[PDB]
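Participant: need the 3D shape of this:
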Amino acid sequence: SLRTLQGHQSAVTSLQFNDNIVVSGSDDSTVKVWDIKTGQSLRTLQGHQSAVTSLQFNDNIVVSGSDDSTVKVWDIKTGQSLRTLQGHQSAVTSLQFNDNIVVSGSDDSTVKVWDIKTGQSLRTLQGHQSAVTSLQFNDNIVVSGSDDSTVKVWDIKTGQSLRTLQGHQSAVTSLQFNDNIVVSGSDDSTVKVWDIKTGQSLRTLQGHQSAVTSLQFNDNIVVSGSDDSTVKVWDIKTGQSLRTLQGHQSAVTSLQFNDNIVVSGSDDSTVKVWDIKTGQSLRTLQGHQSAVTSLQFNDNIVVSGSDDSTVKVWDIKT
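Facilitator: Residues are numbered from 1 along each chain as shown. Below you will find the coordinate block:
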């Protein structure tokens with residue numbers, strides 16, 4: 001641990017730290033822009049009426065989604081609000097913006113496509129029968145997961161539903177797609193590998209004994225975290241479990257892997273750093289007083305957000 005970012009009055013729900021800036025979201029309705037080298041708070045983005053649930057930011061803009069059912073576009077150089085995206089009828093759960101387009105998912109079961117010049121709703125994506133829990137999009141496609149246990153592939157340019165991937169027996173919780181493959185996690189404790197162009201289920205990864213909470217994959221591996229407190233390494237081309245990372249004493253809430261290192265966050269208030277091929281735990285980052293909800297690491301530090309309302313900056317080697 002190198003610094004502790006304090007100031008939030010409630011749990012930290014979202015986090016991104018690109019460059020020398022940490023931007024955190026909180027249950028206290030605020031978004032904070034942090035100085036990651038002196039631990040000082042630069043700006044407090046005030047405006048949301050309840051829990052900030054998700055955020056993303058580039059070199060000039062912060063886009064935040066909240067339980068108050070709106071998306072807000074902020075400006076880091078002044079902290080002032082630029083526009084409020086109104087239209088959703090309940091909490092915003094998921095968020096991503098790509099250089100002209102904000103795509104938001106909601107508890108009202110809809111996905112909305114907006115523009116970050118006007119604030120107008122481009123298209124409303126209807127189809128999901130319950131809360132949209134996750135989404136990801138590129139220039140032409142939108143893939144979204146739902147509490148209705150399905151993943152839907154949308155054409156970003158017409159609102160049309162291109163296909164619906166059925167197979168999960170419970171809510172989809174995690175979702176990533178790259179090239180022609182989309183990988184989903186579910187509350188049924190399974191990971192599924194789908195082909196986006198045929199809607200076919202290529203594989204089902206079984207092993208977890210409770211809800212899959214988080215996942216991430218490259219062209220050959222899938223790493224998944226689950227409520228059973230383990231992290232699993234799978235090959236994506238077959239369905240074989242390669243190894244299981246045990247050590248956490250409660251649900252894994254967050255994970256990211258870059259090169260040969262998996263970093264996991266947990267409800268046991270700790271962050272673990274593992275090697276993927278030996279499966280051995282390299283470091284336990286202790287200091288948080290409650291569940292770790294968010295994390296992100298580069299090649300030298302880990303930035304973690306906790307239920308204890310603090311963000312912590314850890315050294316990858318300590």
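Participant: in contact with residue 136, which residues are there?
Facilitator: Residues counted as contacts of residue 136 (CB atoms under 8 Å, 6 or more residues apart in numbering) are 96, 142, 143, 175, 176, 177. Bear in mind the C-beta positions are built from the backbone N, C-alpha and C, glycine included.
Participant: ok, what's across the strand from the last one?
Facilitator: If I follow you right, that is residue 177. Residues found in beta-bridge contact with residue 177 (criterion: DSSP bridges) are residue 182.
Participant: residues in contact with residue 169?
Facilitator: Contact analysis of residue 169 by CB under 8 Å, 6+ apart lists 149, 186, 188.
Participant: top of these by number of neighbours, please.
Facilitator: Using other CB atoms under 10 Å as the contact criterion, the top neighbour count among those goes to residue 186, which has 25 neighbours.
Participant: ok, and the closest non-adjacent residue to that one?
Facilitator: What sits nearest to residue 186 in space, not counting adjacent residues and going by CB to CB, 6 or more residues apart in numbering, is residue 168, at 4.1 Å.
Participant: the one you found: what secondary structure?
Facilitator: coil (DSSP: H, G, I helix; E, B strand; the rest coil).
Participant: surely it is in contact with residue 194?
Facilitator: No. With contact defined as CB atoms under 8 Å, residue 168 does not reach residue 194; the gap is 10.4 Å.
Participant: any shared contact partners between the two?
Facilitator: With CB under 8 Å, 6+ apart as the test, residue 168 and residue 194 both reach 151, 184.
Participant: let's see which of the contacts of residue 169 end up in helices.
Facilitator: Secondary-structure check on the contacts of residue 169 using DSSP state H: no residue lies within helices.
Participant: JSON lines for those, including distance to residue 227?
Facilitator: Shown next, in JSON lines, are those (distance: CB to CB, whole Å):
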{"residue": "149", "distance to residue 227": "17"}
{"residue": "186", "distance to residue 227": "11"}
{"residue": "188", "distance to residue 227": "12"}
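Participant: and the residue nearest to residue 186, what does it touch?
Facilitator: In this structure, residue 168 makes contact with 149, 150, 151, 184, 186, 188, 190, 192, judged by CB under 8 Å, 6+ apart.
Participant: the first one touches residue 170, doesn't it?
Facilitator: Spelled out, that is residue 149. Yes. Using CB under 8 Å, residue 149 makes contact with residue 170 at a distance of 5.5 Å.
Participant: and residue 247, what does it touch?
Facilitator: Remark: with contacts taken as CB under 8 Å, 6+ apart, residue 247 is in contact with 272, 281, 284.
Participant: likewise for residue 210?
Facilitator: Taking CB under 8 Å, 6+ apart, we find residue 210 in contact with 189, 226, 227, 228, 251.
Participant: go again using 7 Å as the cut-off
Facilitator: Residues in contact with residue 210, defined by CB atoms under 7 Å, 6 or more residues apart in numbering, are 189, 226, 227, 228.
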